[PDB]
Amino acid sequence: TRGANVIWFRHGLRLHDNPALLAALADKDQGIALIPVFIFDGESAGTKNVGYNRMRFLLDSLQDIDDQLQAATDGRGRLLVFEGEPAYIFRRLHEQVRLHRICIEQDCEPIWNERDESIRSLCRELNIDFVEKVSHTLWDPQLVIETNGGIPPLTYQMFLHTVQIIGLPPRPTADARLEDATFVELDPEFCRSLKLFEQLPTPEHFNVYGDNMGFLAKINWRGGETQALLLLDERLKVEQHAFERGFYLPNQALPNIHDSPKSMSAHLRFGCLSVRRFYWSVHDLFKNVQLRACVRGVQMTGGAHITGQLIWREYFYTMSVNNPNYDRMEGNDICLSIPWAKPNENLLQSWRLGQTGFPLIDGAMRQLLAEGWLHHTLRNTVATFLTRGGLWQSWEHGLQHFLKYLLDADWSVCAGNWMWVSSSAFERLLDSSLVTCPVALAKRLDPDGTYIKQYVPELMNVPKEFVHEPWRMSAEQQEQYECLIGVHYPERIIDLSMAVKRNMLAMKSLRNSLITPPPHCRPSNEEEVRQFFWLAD
Ligand SMILES: Cc1cc2nc3c(=O)[nH]c(=O)nc-3n(C[C@H](O)[C@H](O)[C@H](O)COP(=O)(O)OP(=O)(O)OC[C@H]3O[C@@H](n4cnc5c(N)ncnc54)[C@H](O)[C@@H]3O)c2cc1C
C-alpha cells in the first residue's frame, strides 16, 4: 500500500534490544507496514554445516518470533519464512510491495560480507534504504580494532585494556511496540513462486536427520527468545542470592557436568538473548557494592566473574572481523603455524564417534552428538586430546566437527577457542598433566562414573574402581562385567604417555626455532590458563 520496511532476521532472533527492529518500526506513523522475514539461504544462522540439534534450536527460535508477533498484534503479524536466495527474494518482494528500507543486525564475521554485500548493491539499485545496526556484540568490533592500532587484541588482557579505554558497552534499547504496527498480506501466487513456508518446516525438510548414533539424549533444549529470558531470570535469581549472601557456595563454583540446559550460550549465538541486556542486568545487580569473595579466582565485585564471560565472547568475535582465514591455519596471520600430523581419518572418525577408548573423551563426544552441548571443561579435554595433548591432529578437524553439532557454534568463538587451546606453544602450563590427562580429570568431574555410564552405556556394568580405567580390569573381570576391551569397548587408540611426550618435545622444538614469537592468539599469562581450564590450583 503505502510501502513496507523489512526486518530481516539472520541472527538476533528476538524482539527485545533490537535496534534494527525499532528502525523498521520507525515509520509506523506514516502507514509503513512491517514485514518480518527469515530466509533459509543455505548458510545464514549457521545452516551450511549444521546438524539436527542446532537446526531444531533454530526452528524453535523462529517459532518463538512468530508466536510473539501474533500475540502482540491479535494474529495480524506473522514471520514470513522463505527458502532461496535473499537478493532474488527481496527484489521480487519489492515488486509486490514497495520496500522503503531493509533493516538487519550486523553480522560482523567476514563469512557474511558476501551475502550482505549482494543486498547492499541491491538496495543501491532499487533505491532501498539499507539499515545496519551493531547489536550482536557488546561493542562495535571495529571500534575496538581502531583503538588497538588497526589490529584486534590478540590476548584477553589486551582486549580488556582496550575496552577500558573505550568505556562500558551501550545499554539495551527499548522494547518494540508492535500493537499498532501494520502488516501486509501477499498475493498467494507470489508466496507460491518465492517458496514462502506455509508452516514452519522440520529439519527433515532440509534433509537433516539423527546424528552419528542417535538417541542418547538425556536432556533437551528449547530455543527461542522466551526460553532465553527465562534462563536469564533464573540466573539472575541465583546471583541475587549469592549477591545478598556475599559469596558463592562451594558447590556453586564446582564444575557440574551432571546438570541441565541452564546455559545461554546457544541463545546468545542466535541472538535469542541480547548480550547487552545480559551484561547490564548483571551490572545493575552488583552495582555500587564492594564484595570480597572470588569465583574461580575472579572477583565478584561488579559481577566481573560473569561479565568477563561476555568479554571472552567479544574477544574472539573481534579478532576475526577482518580475517577471512580465521578458521584455518594456512594463511592466518594470528595463528601459530604448528606442524600438525597430516589428517588421519581413522583417528579422526574414532574421535568424532566417541570411540577413542578413553572414557571421559568418549562420553563427551557422544554427548556432543546426542545433545549438542558440552561443559567448558569437557570441551577443553577433548580439544587438547585431539591436538597437542594426544593425537597431534590439526585443530581444523575439531573446529569443523564442533561447528556441525554444537548448539551454539559461533564461527569466530569456536575457531578462536580452538586456536587458543591448541596452538599456544609458548604457554608452558598448557602441556602439563593437569590438562592433558583425561583420566585424572574424569576422576575429578565424575568420581562415580555416573556421567560416563550415562553416555558410554557399554561401561554401565563396570564398577567404580574400573569405570575410569577399564583397561585395568583382568580377563576374569572383563568377562564378568560384560565388557571386553577390543569388543564391547574399544582399546585406547593411542599410547597417551608416549604421545604427550612426543608432542611436548614438538612444542619445545618449536619455541626454540622461532626464539621470539610472532603476534598470535594466546593466553595473556599463566593465571589466565588456570581460570580457563578450571584448574584447582
Ligand atoms: C574448544 C572450545 C570450543 C568452544 N566453542 C564455543 C562456541 O561455539 N560457542 C560458544 O558460545 N562458546 C564456545 N566455547 C566457550 C565455552 O565452551 C562456552 O561458552 C561455555 O561452555 C558455555 O556455557 P555457559 O554459558 O555455562 O558458560 P558461562 O560461564 O555461563 O559463560 C557465559 C557466556 O559467556 C560466553 N563465554 C563463556 N566462556 C567463553 C569463552 N571461553 N569464549 C567465548 N565465549 C565464552 C558464553 O557464550 C556464555 O553464554 C568453546 C570453548 C572451547 C574450549
# chains A, B, ... in the order shown; residues from 1 in each chain; ligands from 1
>>> residues_near_ligand(ligand="ligand 1", cutoff="6 Å", atoms="only C-alpha atoms and all ligand atoms", output="number ranges by chain")
A: 263-265, 268, 309-310, 312-313, 375-376, 379-380, 383, 408-410, 413-414, 417-418
>>> residues_around(residues="residue 344 (chain A)", least_positions_apart="4", cutoff="12 Å", atoms="only C-alpha atoms", output="PyMOL selection string")
chain A and resi 340+348-351+386+391-394+397+493
>>> closest_residue(among="A:465, A:446, A:491, A:180", to="residue 254 (chain A)", atoms="only C-alpha atoms")
A:446
>>> atom_distance(atom1="CA of residue 327 (chain A)", atom2="CA of residue 369 (chain A)")
21.5 Å
>>> residues_around(residues="residue 442 (chain A)", least_positions_apart="3", cutoff="12 Å", atoms="only C-alpha atoms", output="MDAnalysis selection string")
chainID A and resid 255 257 358:364 377:378 381:382 434:439 445:452 464 466:469
>>> residues_around(residues="region 482-489 of chain A", least_positions_apart="2", cutoff="7 Å", atoms="only C-alpha atoms", output="MDAnalysis selection string")
chainID A and resid 357 458:459 461 471 478:480 491
>>> closest_atom_pairs(of="region 145-229 of chain A", to="region 275-293 of chain A", cutoff="8 Å", atoms="only C-alpha atoms", output="tab-separated table")
residue	atom	partner	partner_atom	distance
A:169	CA	A:276	CA	7.4
A:170	CA	A:276	CA	7.2
A:171	CA	A:276	CA	6.1
A:172	CA	A:277	CA	5.4
>>> atom_distance(atom1="CA of residue 415 (chain A)", atom2="CA of residue 328 (chain A)")
8.2 Å
>>> residues_around(residues="residue 47 (chain A)", least_positions_apart="6", cutoff="12 Å", atoms="only C-alpha atoms", output="VMD selection string")
chain A and resid 10 to 11 39 to 41 53 to 59 83 203 206 to 208 270 403 to 405 407 409 to 411
>>> closest_residue(among="A:69, A:230, A:238, A:507", to="residue 272 (chain A)", atoms="only C-alpha atoms")
A:230
>>> decode(residues="region 49-85 of chain A", atoms="N, CA, C and O atoms", output="compact mmCIF listing (two decimals), in the first residue's frame")
# COMPACT_ATOMS: atom_id res chain seq x y z
N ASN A 49 26.66 -25.90 7.47
CA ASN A 49 27.26 -27.08 8.08
C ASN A 49 26.59 -27.28 9.44
O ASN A 49 27.16 -26.95 10.48
N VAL A 50 25.38 -27.82 9.43
CA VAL A 50 24.53 -27.89 10.61
C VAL A 50 24.00 -29.31 10.78
O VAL A 50 23.75 -30.02 9.81
N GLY A 51 23.86 -29.72 12.04
CA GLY A 51 23.24 -30.98 12.38
C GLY A 51 21.78 -30.83 12.77
O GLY A 51 21.16 -29.78 12.58
N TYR A 52 21.23 -31.90 13.34
CA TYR A 52 19.81 -31.90 13.68
C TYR A 52 19.53 -31.02 14.90
O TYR A 52 18.53 -30.29 14.92
N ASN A 53 20.40 -31.08 15.91
CA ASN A 53 20.10 -30.43 17.18
C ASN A 53 20.07 -28.92 17.05
O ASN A 53 19.16 -28.26 17.56
N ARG A 54 21.06 -28.34 16.37
CA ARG A 54 21.07 -26.89 16.21
C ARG A 54 19.98 -26.44 15.25
O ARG A 54 19.37 -25.38 15.45
N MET A 55 19.71 -27.22 14.21
CA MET A 55 18.61 -26.89 13.31
C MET A 55 17.29 -26.89 14.06
O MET A 55 16.43 -26.03 13.82
N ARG A 56 17.11 -27.83 14.99
CA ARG A 56 15.92 -27.82 15.84
C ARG A 56 15.88 -26.59 16.73
O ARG A 56 14.82 -26.00 16.95
N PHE A 57 17.04 -26.18 17.25
CA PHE A 57 17.11 -24.98 18.08
C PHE A 57 16.75 -23.74 17.28
O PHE A 57 16.04 -22.85 17.77
N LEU A 58 17.24 -23.65 16.04
CA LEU A 58 16.93 -22.50 15.20
C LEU A 58 15.44 -22.44 14.89
O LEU A 58 14.83 -21.36 14.95
N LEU A 59 14.83 -23.58 14.56
CA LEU A 59 13.40 -23.60 14.27
C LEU A 59 12.59 -23.28 15.52
O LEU A 59 11.53 -22.65 15.42
N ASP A 60 13.06 -23.69 16.69
CA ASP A 60 12.41 -23.28 17.93
C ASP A 60 12.46 -21.76 18.08
O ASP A 60 11.50 -21.15 18.56
N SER A 61 13.57 -21.14 17.67
CA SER A 61 13.70 -19.70 17.80
C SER A 61 12.80 -18.96 16.81
O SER A 61 12.22 -17.93 17.15
N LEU A 62 12.68 -19.48 15.59
CA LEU A 62 11.82 -18.83 14.61
C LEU A 62 10.35 -18.93 15.02
O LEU A 62 9.59 -17.97 14.84
N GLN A 63 9.95 -20.08 15.57
CA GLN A 63 8.58 -20.22 16.05
C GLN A 63 8.29 -19.28 17.20
O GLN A 63 7.16 -18.80 17.35
N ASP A 64 9.30 -18.99 18.03
CA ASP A 64 9.10 -18.06 19.14
C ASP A 64 8.88 -16.64 18.62
O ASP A 64 8.05 -15.90 19.17
N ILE A 65 9.60 -16.25 17.57
CA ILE A 65 9.42 -14.92 17.00
C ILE A 65 8.03 -14.78 16.39
O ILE A 65 7.34 -13.78 16.60
N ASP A 66 7.60 -15.80 15.64
CA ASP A 66 6.28 -15.74 15.01
C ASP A 66 5.17 -15.72 16.05
O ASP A 66 4.17 -15.01 15.89
N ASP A 67 5.33 -16.47 17.14
CA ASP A 67 4.30 -16.51 18.17
C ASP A 67 4.20 -15.17 18.90
O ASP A 67 3.10 -14.72 19.23
N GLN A 68 5.34 -14.52 19.15
CA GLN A 68 5.31 -13.21 19.80
C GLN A 68 4.67 -12.16 18.89
O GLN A 68 3.94 -11.28 19.37
N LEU A 69 4.93 -12.23 17.59
CA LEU A 69 4.30 -11.31 16.65
C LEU A 69 2.79 -11.48 16.64
O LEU A 69 2.04 -10.49 16.57
N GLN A 70 2.31 -12.72 16.72
CA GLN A 70 0.87 -12.96 16.76
C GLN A 70 0.27 -12.52 18.08
O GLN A 70 -0.85 -12.01 18.12
N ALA A 71 1.01 -12.71 19.18
CA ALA A 71 0.46 -12.41 20.50
C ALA A 71 0.28 -10.91 20.72
O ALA A 71 -0.61 -10.50 21.46
N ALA A 72 1.12 -10.09 20.09
CA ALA A 72 1.07 -8.64 20.29
C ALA A 72 0.22 -7.91 19.27
O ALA A 72 -0.04 -6.72 19.44
N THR A 73 -0.22 -8.59 18.20
CA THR A 73 -0.99 -7.96 17.14
C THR A 73 -2.33 -8.64 16.89
O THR A 73 -2.98 -8.35 15.88
N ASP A 74 -2.76 -9.52 17.79
CA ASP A 74 -4.01 -10.28 17.64
C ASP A 74 -4.01 -11.06 16.32
O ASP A 74 -4.97 -11.03 15.55
N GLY A 75 -2.90 -11.75 16.06
CA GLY A 75 -2.80 -12.59 14.88
C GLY A 75 -2.63 -11.88 13.57
O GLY A 75 -2.72 -12.52 12.52
N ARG A 76 -2.38 -10.57 13.58
CA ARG A 76 -2.20 -9.84 12.32
C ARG A 76 -0.77 -9.93 11.81
O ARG A 76 -0.55 -9.92 10.59
N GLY A 77 0.22 -10.00 12.71
CA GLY A 77 1.61 -10.06 12.32
C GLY A 77 2.12 -11.49 12.28
O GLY A 77 1.85 -12.28 13.19
N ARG A 78 2.85 -11.81 11.22
CA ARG A 78 3.45 -13.13 11.05
C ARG A 78 4.91 -12.99 10.66
O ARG A 78 5.35 -11.95 10.16
N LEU A 79 5.67 -14.05 10.91
CA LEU A 79 7.06 -14.13 10.48
C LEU A 79 7.11 -14.88 9.15
O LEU A 79 6.89 -16.09 9.11
N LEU A 80 7.38 -14.15 8.07
CA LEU A 80 7.45 -14.75 6.74
C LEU A 80 8.78 -15.48 6.59
O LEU A 80 9.85 -14.86 6.71
N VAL A 81 8.72 -16.78 6.32
CA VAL A 81 9.91 -17.62 6.20
C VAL A 81 9.96 -18.16 4.78
O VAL A 81 9.08 -18.92 4.36
N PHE A 82 11.01 -17.79 4.04
CA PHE A 82 11.21 -18.20 2.66
C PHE A 82 12.31 -19.26 2.59
O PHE A 82 12.89 -19.67 3.60
N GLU A 83 12.59 -19.71 1.37
CA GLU A 83 13.75 -20.54 1.08
C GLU A 83 14.27 -20.17 -0.30
O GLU A 83 13.53 -20.25 -1.28
N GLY A 84 15.53 -19.76 -0.37
CA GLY A 84 16.13 -19.37 -1.62
C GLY A 84 17.15 -18.27 -1.40
O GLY A 84 17.62 -18.06 -0.28
N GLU A 85 17.49 -17.58 -2.49
CA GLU A 85 18.49 -16.51 -2.44
C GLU A 85 17.84 -15.22 -1.95
O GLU A 85 16.76 -14.86 -2.43
